[PDB]
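Below is one structure; the comments refer to it alone.
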Number of protein chains: 2
Amino acid sequence: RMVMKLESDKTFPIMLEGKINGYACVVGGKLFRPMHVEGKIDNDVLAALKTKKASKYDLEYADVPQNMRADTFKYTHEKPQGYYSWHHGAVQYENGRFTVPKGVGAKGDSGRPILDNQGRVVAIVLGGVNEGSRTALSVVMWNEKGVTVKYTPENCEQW
Amino acid sequence: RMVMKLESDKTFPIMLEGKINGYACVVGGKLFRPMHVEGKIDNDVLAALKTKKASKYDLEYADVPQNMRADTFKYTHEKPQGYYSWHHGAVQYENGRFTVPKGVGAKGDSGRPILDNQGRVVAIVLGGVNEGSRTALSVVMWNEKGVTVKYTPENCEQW
């Protein structure tokens with residue numbers, strides 16, 4: 001199995017009346033959370049931070065302080081075709097599209113990052129839609145030029 | 001044992017949207033609650049109680065109902081020099097200052113009744129200062145005449 005090598009204390013949850021509602025992650029010295037998750041981040045230091053909005057790309061992004069940048073996720077643009085490691089389980093990337101097995105992912109799973117074999121984040125999950133046996137999921141990735149390409153399947157239901 | 005007195009605990013967490021911000025004590029037939037914390041007391045009988053403010057001493061005080069007047073801490077007017085018990089370990093009262101080992105107590109760990117070997121509360125902690133050697137705490141003690149003398153270390157932060 002490969003779940004045990006996906007442990008990461010950097011990722012944080014956003015609660016809503018004491019239940020899992022969202023997931024905010026620190027990548028490259030920057031905190032990311034989705035538009036569609038409402039609540040307060042569990043970490044008080046990040047809750048003290050003031051975040052700005054980005055409606056089109058569905059991301060609050062905030063600048064972490066100096067001490068926070070010591071331990072954070074690493075991002076790269078290259079995405080070789082094939083399988084990738086996600087917190088729930090394996091995912092596969094083909095034809096410019098991420099996808100997951102059926103039923104993997106539901107409400108409150110948005111904001112989880114996607115990891116590769118060598119342990120660095122390549123994209124942030126926002127939602128998914130059930131194509132069939134495999135569930136294509138909406139996810140924001142990073143281009144080689146660094147423009148944060150947002151790929152989204154048609155009539156994708158929010159997670 | 002110093003922690004063998006957690007059975008003596010009758011404190012009530014205060015929850016704000018499912019988050020505990022402090023503890024309210026019942027000392028000497030009187031309910032004491034930190035002012036800086038927000039939320040609702042754990043039990044409904046004390047939640048419905050009306051509390052009178054005290055800004056200078058920074059807490060709310062309320063008269064306990066007659067039924068559970070006996071079910072309370074017993075106070076003490078004298079504080080002999082030396083080390084006492086607490087939930088988070090032995091804490092020493094030296095030259096008028098209640099000091100704990102460093103790195104003990106943080107945000108939300110306020111309103112804790114301090115105890116001695118006799119199992120009687122002598123002070124209530126509100127906040128502290130991280131002095132390099134050892135952490136001193138803003139406390140509310142009691143003296144012989146009972147005028148509620150309060151001590152705050154210089155440049156104190158709320159807990």
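Lettering and numbering for the structure tokens are positional, with chains as A, B, ... in the shown order, residues counted from 1 in each chain, and ligands counted from 1 in the shown order.
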
In Å, how much C-alpha RMSD is there between chain B and chain A after the fit, with all atoms paired in order?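 Chain A versus chain B: RMSD of 0.9 Å.
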
Name the residues in contact with residue A:51 at a cut-off of 7 Å, using only C-alpha atoms, excluding same-chain residues fewer than 5 positions from it; report them as a PyMOL selection string. chain A and resi 60-62

Can you tell me which residues surround residue B:40 at a distance of at most 8 Å, considering only C-alpha atoms, apart from same-chain residues fewer than 2 positions away, and format the answer as a PyMOL selection string? chain B and resi 14-16+38+42+47

Residue subset to file, keeping N, CA, C and O atoms, as an mmCIF file, in the first residue's frame:
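Generated file (out-v5.cif):
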```
data_model
loop_
_atom_site.group_PDB
_atom_site.id
_atom_site.type_symbol
_atom_site.label_atom_id
_atom_site.label_comp_id
_atom_site.auth_asym_id
_atom_site.auth_seq_id
_atom_site.Cartn_x
_atom_site.Cartn_y
_atom_site.Cartn_z
ATOM 1 N N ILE B 14 -16.279 26.174 28.562
ATOM 2 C CA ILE B 14 -17.113 27.117 27.828
ATOM 3 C C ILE B 14 -16.862 26.884 26.346
ATOM 4 O O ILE B 14 -15.725 27.010 25.875
ATOM 5 N N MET B 15 -17.917 26.551 25.609
ATOM 6 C CA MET B 15 -17.809 26.201 24.198
ATOM 7 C C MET B 15 -18.390 27.311 23.336
ATOM 8 O O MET B 15 -19.510 27.772 23.579
ATOM 9 N N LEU B 16 -17.625 27.734 22.332
ATOM 10 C CA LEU B 16 -18.072 28.702 21.336
ATOM 11 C C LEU B 16 -18.073 28.012 19.979
ATOM 12 O O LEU B 16 -17.007 27.762 19.406
ATOM 13 N N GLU B 38 -15.393 33.432 25.261
ATOM 14 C CA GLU B 38 -16.742 33.574 24.735
ATOM 15 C C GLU B 38 -17.368 32.199 24.564
ATOM 16 O O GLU B 38 -16.671 31.207 24.332
ATOM 17 N N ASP B 42 -20.849 24.676 30.125
ATOM 18 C CA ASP B 42 -21.135 23.291 29.756
ATOM 19 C C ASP B 42 -22.535 22.865 30.186
ATOM 20 O O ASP B 42 -23.279 22.267 29.401
ATOM 21 N N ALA B 47 -25.532 27.823 32.565
ATOM 22 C CA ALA B 47 -25.654 28.609 31.343
ATOM 23 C C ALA B 47 -26.777 29.631 31.460
ATOM 24 O O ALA B 47 -26.632 30.779 31.021
#
```

Computed gap from atom CA of residue B:119 to atom CA of residue B:86 is 10.1 Å

Using 12 Å as the limit and counting only C-alpha atoms, can you tabulate each residue of chain B that touches chain A, with its shortest atom-to-atom distance in Å and the two atoms involved, as a tab-separated table?
```
residue	atom	partner	partner_atom	distance
B:15	CA	A:18	CA	11.2
B:16	CA	A:17	CA	9.8
B:17	CA	A:17	CA	6.1
B:18	CA	A:18	CA	5.9
B:19	CA	A:18	CA	8.2
B:20	CA	A:18	CA	11.5
B:106	CA	A:44	CA	11.9
B:107	CA	A:44	CA	9.6
B:108	CA	A:44	CA	11.1
```

Those same residues - N, CA, C and O atoms - I'd like them written as a short mmCIF file (atom, residue, chain, number, x, y, z; two decimals), in the first residue's frame.
```cif
data_model
loop_
_atom_site.label_atom_id
_atom_site.label_comp_id
_atom_site.auth_asym_id
_atom_site.auth_seq_id
_atom_site.Cartn_x
_atom_site.Cartn_y
_atom_site.Cartn_z
N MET B 15 -17.92 26.55 25.61
CA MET B 15 -17.81 26.20 24.20
C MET B 15 -18.39 27.31 23.34
O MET B 15 -19.51 27.77 23.58
N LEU B 16 -17.62 27.73 22.33
CA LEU B 16 -18.07 28.70 21.34
C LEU B 16 -18.07 28.01 19.98
O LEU B 16 -17.01 27.76 19.41
N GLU B 17 -19.27 27.71 19.47
CA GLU B 17 -19.43 27.01 18.20
C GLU B 17 -18.67 25.69 18.19
O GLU B 17 -18.03 25.32 17.19
N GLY B 18 -18.72 24.97 19.30
CA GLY B 18 -18.03 23.70 19.43
C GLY B 18 -16.56 23.80 19.80
O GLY B 18 -15.89 22.76 19.85
N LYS B 19 -16.05 25.00 20.06
CA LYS B 19 -14.66 25.20 20.44
C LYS B 19 -14.59 25.68 21.88
O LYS B 19 -15.26 26.65 22.25
N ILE B 20 -13.77 25.01 22.69
CA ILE B 20 -13.61 25.37 24.09
C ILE B 20 -12.57 26.48 24.20
O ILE B 20 -11.44 26.33 23.73
N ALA B 106 -1.48 27.48 27.11
CA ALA B 106 -1.52 28.22 25.85
C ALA B 106 -2.90 28.85 25.72
O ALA B 106 -3.65 28.96 26.70
N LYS B 107 -3.24 29.28 24.50
CA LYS B 107 -4.54 29.90 24.26
C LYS B 107 -5.66 28.91 24.54
O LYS B 107 -5.60 27.75 24.11
N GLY B 108 -6.69 29.36 25.25
CA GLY B 108 -7.79 28.52 25.64
C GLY B 108 -7.59 27.76 26.93
O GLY B 108 -8.56 27.19 27.45
#
```

Considering only C-alpha atoms, return as a list in words whatever protein or nucleic-acid residues lie within 12 Å of residue A:79, sequence-local ones (same chain, fewer than 2 positions apart) excluded. residues 75, 76, 77, 81, 82, 83, 84, 92, 93, 94, 95, 96, 97, 98, 114, 115, 116, 117, 120, 121, 122, 123, 141, 142, 143 and 144 of chain A

Which residues, written as an mmCIF file with N, CA and C atoms, in the first residue's frame, have at least one atom at most 12 Å from residue A:9, with only C-alpha atoms counted and residues fewer than 5 positions away on the same chain left out?
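Heads up, here's the output in out_9.cif:
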```
data_model
loop_
_atom_site.group_PDB
_atom_site.id
_atom_site.type_symbol
_atom_site.label_atom_id
_atom_site.label_comp_id
_atom_site.auth_asym_id
_atom_site.auth_seq_id
_atom_site.Cartn_x
_atom_site.Cartn_y
_atom_site.Cartn_z
ATOM 1 N N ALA A 24 -7.873 22.974 3.636
ATOM 2 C CA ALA A 24 -6.944 24.001 3.190
ATOM 3 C C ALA A 24 -5.523 23.472 3.308
ATOM 4 N N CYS A 25 -4.721 23.700 2.274
ATOM 5 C CA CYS A 25 -3.374 23.150 2.220
ATOM 6 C C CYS A 25 -2.363 24.259 1.986
ATOM 7 N N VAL A 26 -1.197 24.128 2.606
ATOM 8 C CA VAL A 26 -0.093 25.054 2.393
ATOM 9 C C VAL A 26 0.859 24.434 1.376
ATOM 10 N N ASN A 43 -6.555 25.596 12.327
ATOM 11 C CA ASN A 43 -5.340 26.239 12.807
ATOM 12 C C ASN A 43 -5.618 27.707 13.108
ATOM 13 N N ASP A 71 8.389 24.384 6.481
ATOM 14 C CA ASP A 71 7.794 23.090 6.159
ATOM 15 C C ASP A 71 6.501 23.320 5.380
ATOM 16 N N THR A 72 6.540 23.038 4.080
ATOM 17 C CA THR A 72 5.374 23.182 3.224
ATOM 18 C C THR A 72 5.528 22.256 2.027
ATOM 19 N N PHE A 73 4.423 22.047 1.321
ATOM 20 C CA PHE A 73 4.433 21.181 0.154
ATOM 21 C C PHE A 73 5.244 21.809 -0.977
#
```

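Of note, atom CA of residue B:138 and atom CA of residue B:126 are spaced 5.6 Å apart.
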
Just give me the gap between atom CA of residue A:55 and atom CA of residue A:78 in Å, one decimal is fine. 25.8 Å

From a backbone DSSP assignment, name each residue in chain A labelled strand (DSSP E), as JSON, numbers by chain. {"A": [12, 13, 14, 15, 20, 21, 22, 23, 24, 25, 26, 30, 31, 32, 33, 40, 41, 60, 61, 62, 63, 82, 83, 84, 85, 86, 90, 91, 92, 93, 94, 97, 98, 99, 100, 101, 113, 114, 115, 121, 122, 123, 124, 125, 126, 127, 128, 129, 130, 134, 135, 136, 137, 138, 139, 140, 141, 150, 151, 157, 158]}

Selected residues, C-alpha atoms, written as an mmCIF file, in the first residue's frame, please.
```cif
data_model
loop_
_atom_site.group_PDB
_atom_site.id
_atom_site.type_symbol
_atom_site.label_atom_id
_atom_site.label_comp_id
_atom_site.auth_asym_id
_atom_site.auth_seq_id
_atom_site.Cartn_x
_atom_site.Cartn_y
_atom_site.Cartn_z
ATOM 1 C CA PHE A 12 -5.546 21.291 7.608
ATOM 2 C CA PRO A 13 -9.328 20.875 7.867
ATOM 3 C CA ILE A 14 -12.055 23.536 7.899
ATOM 4 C CA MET A 15 -14.829 22.651 10.345
ATOM 5 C CA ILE A 20 -15.382 18.094 8.351
ATOM 6 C CA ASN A 21 -16.394 20.599 5.677
ATOM 7 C CA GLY A 22 -13.280 21.739 3.800
ATOM 8 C CA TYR A 23 -9.543 21.231 3.438
ATOM 9 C CA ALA A 24 -6.944 24.001 3.190
ATOM 10 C CA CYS A 25 -3.374 23.150 2.220
ATOM 11 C CA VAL A 26 -0.093 25.054 2.393
ATOM 12 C CA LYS A 30 0.979 29.804 0.284
ATOM 13 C CA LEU A 31 -2.281 28.687 1.906
ATOM 14 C CA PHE A 32 -5.101 27.540 -0.399
ATOM 15 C CA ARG A 33 -8.770 26.846 0.333
ATOM 16 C CA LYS A 40 -13.152 28.413 10.069
ATOM 17 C CA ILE A 41 -9.798 26.711 9.570
ATOM 18 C CA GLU A 60 -8.549 31.757 -1.425
ATOM 19 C CA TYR A 61 -4.763 32.081 -1.423
ATOM 20 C CA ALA A 62 -2.868 33.726 1.431
ATOM 21 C CA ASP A 63 0.801 34.386 2.146
ATOM 22 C CA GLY A 82 -0.211 7.260 -15.148
ATOM 23 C CA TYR A 83 -1.109 6.674 -11.522
ATOM 24 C CA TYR A 84 -0.815 9.226 -8.716
ATOM 25 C CA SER A 85 -1.198 8.967 -4.949
ATOM 26 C CA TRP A 86 -4.172 10.639 -3.248
ATOM 27 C CA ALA A 90 -4.989 5.772 -6.056
ATOM 28 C CA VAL A 91 -5.936 8.072 -8.928
ATOM 29 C CA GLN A 92 -5.019 7.904 -12.591
ATOM 30 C CA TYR A 93 -4.150 10.643 -15.083
ATOM 31 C CA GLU A 94 -4.746 10.100 -18.803
ATOM 32 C CA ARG A 97 -7.554 14.443 -17.295
ATOM 33 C CA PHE A 98 -7.355 13.312 -13.682
ATOM 34 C CA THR A 99 -9.803 10.668 -12.532
ATOM 35 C CA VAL A 100 -10.570 8.471 -9.528
ATOM 36 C CA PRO A 101 -12.437 5.186 -9.011
ATOM 37 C CA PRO A 113 -4.081 17.794 -2.679
ATOM 38 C CA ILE A 114 -2.870 15.163 -5.129
ATOM 39 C CA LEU A 115 0.596 13.677 -4.618
ATOM 40 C CA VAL A 121 1.932 18.056 -4.709
ATOM 41 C CA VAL A 122 0.942 18.711 -8.315
ATOM 42 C CA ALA A 123 -2.701 19.852 -8.040
ATOM 43 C CA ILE A 124 -5.568 20.654 -5.665
ATOM 44 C CA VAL A 125 -8.938 18.893 -5.919
ATOM 45 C CA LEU A 126 -12.145 20.959 -5.940
ATOM 46 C CA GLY A 127 -14.899 18.524 -6.942
ATOM 47 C CA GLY A 128 -15.881 15.575 -9.074
ATOM 48 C CA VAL A 129 -18.531 14.110 -11.346
ATOM 49 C CA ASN A 130 -19.401 10.441 -11.844
ATOM 50 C CA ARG A 134 -14.154 6.010 -13.038
ATOM 51 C CA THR A 135 -15.016 9.400 -11.524
ATOM 52 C CA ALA A 136 -13.443 12.368 -13.287
ATOM 53 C CA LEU A 137 -12.786 15.103 -10.743
ATOM 54 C CA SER A 138 -12.321 18.854 -11.057
ATOM 55 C CA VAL A 139 -8.808 19.868 -10.058
ATOM 56 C CA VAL A 140 -6.559 22.926 -10.367
ATOM 57 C CA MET A 141 -3.006 22.210 -11.531
ATOM 58 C CA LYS A 150 -7.951 24.923 -14.030
ATOM 59 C CA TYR A 151 -9.370 21.812 -15.707
ATOM 60 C CA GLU A 157 -21.176 18.711 -9.124
ATOM 61 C CA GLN A 158 -19.561 20.607 -6.270
#
```

Polymer residues at most 10 Å from residue A:5, only C-alpha atoms, same-chain spacing of 2 or more positions, as a CSV table (one decimal) with N, CA, C and O atoms, in the first residue's frame:
```csv
chain,number,residue,atom,x,y,z
A,1,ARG,N,0.8,-1.2,0.0
A,1,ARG,CA,0.0,0.0,0.0
A,1,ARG,C,0.9,1.3,0.0
A,1,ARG,O,2.1,1.2,0.3
A,2,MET,N,0.3,2.4,-0.3
A,2,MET,CA,1.0,3.7,-0.4
A,2,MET,C,0.3,4.8,0.4
A,2,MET,O,0.6,5.9,0.2
A,3,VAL,N,-0.8,4.5,1.2
A,3,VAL,CA,-1.4,5.5,2.0
A,3,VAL,C,-0.5,6.0,3.1
A,3,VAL,O,-0.5,7.2,3.4
A,7,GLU,N,1.3,10.5,4.5
A,7,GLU,CA,1.1,11.3,5.7
A,7,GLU,C,1.6,12.7,5.5
A,7,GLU,O,2.7,12.9,5.0
A,8,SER,N,0.9,13.7,6.0
A,8,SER,CA,1.3,15.1,5.9
A,8,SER,C,0.5,15.9,7.0
A,8,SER,O,-0.7,16.0,6.9
A,85,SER,N,-0.8,9.3,-6.3
A,85,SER,CA,-1.2,9.0,-4.9
A,85,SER,C,-2.0,10.1,-4.3
A,85,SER,O,-1.6,11.2,-4.2
A,87,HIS,N,-5.0,11.0,-1.0
A,87,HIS,CA,-5.2,10.6,0.4
A,87,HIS,C,-6.3,9.5,0.5
A,87,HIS,O,-6.1,8.5,1.2
A,117,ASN,N,4.6,10.0,-6.9
A,117,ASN,CA,5.3,8.9,-6.2
A,117,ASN,C,6.4,9.4,-5.3
A,117,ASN,O,6.7,8.8,-4.3
A,118,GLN,N,7.1,10.5,-5.7
A,118,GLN,CA,8.3,11.0,-5.0
A,118,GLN,C,7.9,12.0,-3.9
A,118,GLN,O,8.8,12.6,-3.3
A,119,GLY,N,6.6,12.3,-3.7
A,119,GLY,CA,6.2,13.1,-2.5
A,119,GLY,C,6.2,14.6,-2.7
A,119,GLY,O,6.9,15.3,-2.0
```

Of the residues A:69, A:74, A:88, A:36, which is the one nearest to residue A:105, using only C-alpha atoms? A:88

Write out as a list in words all residues of stretch 7-117 of chain B that backbone DSSP assigns to helix (DSSP H, G or I).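 Matching residues, listed in order: residues 7, 8, 44, 45, 46 and 47 of chain B.
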
Could you turn the residues from that selection into a file that holds N, CA and C atoms, as an mmCIF file, in the first residue's frame?
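Output contents, as saved in result30.cif:
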```cif
data_model
loop_
_atom_site.group_PDB
_atom_site.id
_atom_site.type_symbol
_atom_site.label_atom_id
_atom_site.label_comp_id
_atom_site.auth_asym_id
_atom_site.auth_seq_id
_atom_site.Cartn_x
_atom_site.Cartn_y
_atom_site.Cartn_z
ATOM 1 N N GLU B 7 -9.815 14.319 40.057
ATOM 2 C CA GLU B 7 -11.131 13.925 40.551
ATOM 3 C C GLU B 7 -11.827 15.087 41.248
ATOM 4 N N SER B 8 -11.054 15.977 41.875
ATOM 5 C CA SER B 8 -11.616 17.162 42.514
ATOM 6 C C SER B 8 -12.149 18.178 41.512
ATOM 7 N N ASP B 44 -26.488 23.427 31.534
ATOM 8 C CA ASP B 44 -27.557 24.379 31.252
ATOM 9 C C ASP B 44 -27.930 25.203 32.477
ATOM 10 N N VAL B 45 -27.842 24.617 33.674
ATOM 11 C CA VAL B 45 -28.239 25.334 34.882
ATOM 12 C C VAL B 45 -27.355 26.558 35.097
ATOM 13 N N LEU B 46 -26.046 26.414 34.892
ATOM 14 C CA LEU B 46 -25.151 27.560 34.973
ATOM 15 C C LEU B 46 -25.173 28.409 33.710
ATOM 16 N N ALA B 47 -25.532 27.823 32.565
ATOM 17 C CA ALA B 47 -25.654 28.609 31.343
ATOM 18 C C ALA B 47 -26.777 29.631 31.460
#
```
